[PDB]
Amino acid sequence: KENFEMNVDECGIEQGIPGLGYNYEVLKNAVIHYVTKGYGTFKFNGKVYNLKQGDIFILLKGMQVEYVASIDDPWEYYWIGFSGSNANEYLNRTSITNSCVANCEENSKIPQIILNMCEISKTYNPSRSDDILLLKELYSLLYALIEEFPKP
């Protein structure tokens, strides 16, 4: 119901409103975002990233962040909030938590896993074991982040 080792906290899909975003200190453990369409800007630690389709950004507890949809073509993004002792150990095996921004390559497994987790969560039915399927997918996602963004 709430797992300690590996937990899918929340899944969502946001359509940005032109020029609108968020500016706050992250409370949640970890939230990975995948940009499916349009444009927005992520600002962290004095750096600015103009993101587009194929881009990922990750929020971690304690980060002071600003992210805003572009005026002209405001982004759509899929997001997975997750927690757990296993999850935080696996996040330390990827380089993505250095800048907290990355570009998915053409043959990336990451987009299909994030889209599949958000699809499952739309009709979430634990009596049909959708809970097993979301945890399966979270383990797949963390493996794919490590494989595609290794710590060298």
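Each residue number is its position in the shown sequence, starting from 1.
Here the stretch with the larger average CA B-factor, out of 108-116 and 63-71, is 63-71. The stretch with the higher mean CA B factor, choosing between 12-20 and 129-137, is 12-20. Ranked within its chain, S99 lands in the highest third, by CA B factor from the PDB record. For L27, the recorded CA temperature factor ranks within the highest third of the chain's modelled residues. When the modelled residues of the chain are ordered by C-alpha B-factor, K37 sits in the highest third. Placement of the Cα temperature factor of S85 within the chain: middle third of the modelled residues, per the deposited record. Among the modelled residues of the chain, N50 sits in the middle third by CA temperature factor in this PDB entry.
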